[PDB]
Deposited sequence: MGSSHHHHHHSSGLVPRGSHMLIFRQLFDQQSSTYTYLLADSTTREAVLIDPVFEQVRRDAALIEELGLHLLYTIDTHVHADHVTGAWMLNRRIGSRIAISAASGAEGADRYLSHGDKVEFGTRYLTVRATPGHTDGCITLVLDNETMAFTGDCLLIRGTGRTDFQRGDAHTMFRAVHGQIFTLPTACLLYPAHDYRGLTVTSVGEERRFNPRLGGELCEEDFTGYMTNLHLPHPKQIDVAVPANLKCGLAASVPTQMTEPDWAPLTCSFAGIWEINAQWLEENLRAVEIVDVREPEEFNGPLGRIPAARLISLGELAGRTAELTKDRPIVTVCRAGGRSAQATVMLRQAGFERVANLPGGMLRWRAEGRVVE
């Protein structure tokens, strides 16, 4: 291998936004394109599980449909914020212009200016031109809308034809949104089959199409745009907690051993295990997983609960059951009793 592309496309159901994680497989340096504020914990957890270092978030434009996660990721894991200079956004670390390279390891994206949806849209072209991220400029068999944010259908047509359709025909095109379950298109497909501006359609054909869309008023533009013009400027605190990519809150085991009386330890193993050679954590209370749902009245509402099992799996499902029963301070012991014993930690 060596310096291969690690690639992840992630979808945000609320806004139908695609976020793209890219990284160099050797150096593990990464960029994240169009992160969504509501998905910041998810994105961060994925970056951690893949063992990546996020150098930059990159916004293709000022979004009207969601708040960018750029600000919050900068705060949380120190990624730098990049957006186009033409966007007018304040508070970025790097302002991008046509021709700029965003580097990650030996890999890079090159910026092409592709306004039309907004005046600050850009398209990010992978170094080898096998894929490009088109924002809301070119969508799968469509385009972004042109009626807000200083959009302009004449400008969009010229950007698509002049900057995107000039890429190689096999180049994949990853958009910032899709509402139909589609993930990718290609230069050759859109050149031929885009129904608004592909085939032989001219600029006036396209602008007549766009004038007669009459889309509903953008439902979030009055909140999202002022937030994104500041790059996205507007957690459980009872212990050092981390959320897995799977969505499970996990407690720090060293902290737990030093603070055993601050929490209720719920052991969801079977009785033969609870009394078995793995031992148990001092004051662990046995409630086997198959009984837990029906016995939550026995758990206190005054201290956090940490669930434990053999190796962390059953106790993860116990956190789900406890959250569904309304317990809001619950965490899993990652690695379970096996890891607890492997680290020589105290047992009854």
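Against the full deposited sequence, the model leaves out several stretches, namely 1-17, 252-259.
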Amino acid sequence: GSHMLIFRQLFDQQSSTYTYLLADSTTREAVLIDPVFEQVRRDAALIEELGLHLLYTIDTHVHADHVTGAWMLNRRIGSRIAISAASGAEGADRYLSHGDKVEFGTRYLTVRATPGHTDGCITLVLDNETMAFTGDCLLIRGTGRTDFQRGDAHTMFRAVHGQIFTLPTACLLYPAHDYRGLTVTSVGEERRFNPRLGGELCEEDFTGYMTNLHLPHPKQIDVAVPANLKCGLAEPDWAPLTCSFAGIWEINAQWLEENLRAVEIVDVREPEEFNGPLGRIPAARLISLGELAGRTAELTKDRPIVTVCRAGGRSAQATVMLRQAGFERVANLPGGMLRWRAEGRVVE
From here on, numbers count along this sequence of modelled residues.
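When the mean C-alpha temperature factors of 328-336 and 13-21 are read from the deposited coordinates, 328-336 comes out higher. If you average the C-alpha B-factors over 273-281 and over 133-141, the higher value belongs to 273-281.
Across 201, 122, 89, 170, the entry's maximum B-factor at the CA atom is seen for 89.
Residue set 238, 193, 245, 206: peak C-alpha B-factor at 238 (per PDB entry). Residue 148 sits in the highest third of its chain by CA B factor, as recorded in the PDB entry. For residue 227, the recorded CA temperature factor ranks within the highest third of the chain's modelled residues. Per-chain ranking of the deposited C-alpha B factor places residue 287 in the middle third. Residue 184 sits in the lowest third of its chain by CA B factor, as recorded in the PDB entry.
Per-chain ranking of the deposited C-alpha B factor places residue 69 in the middle third.
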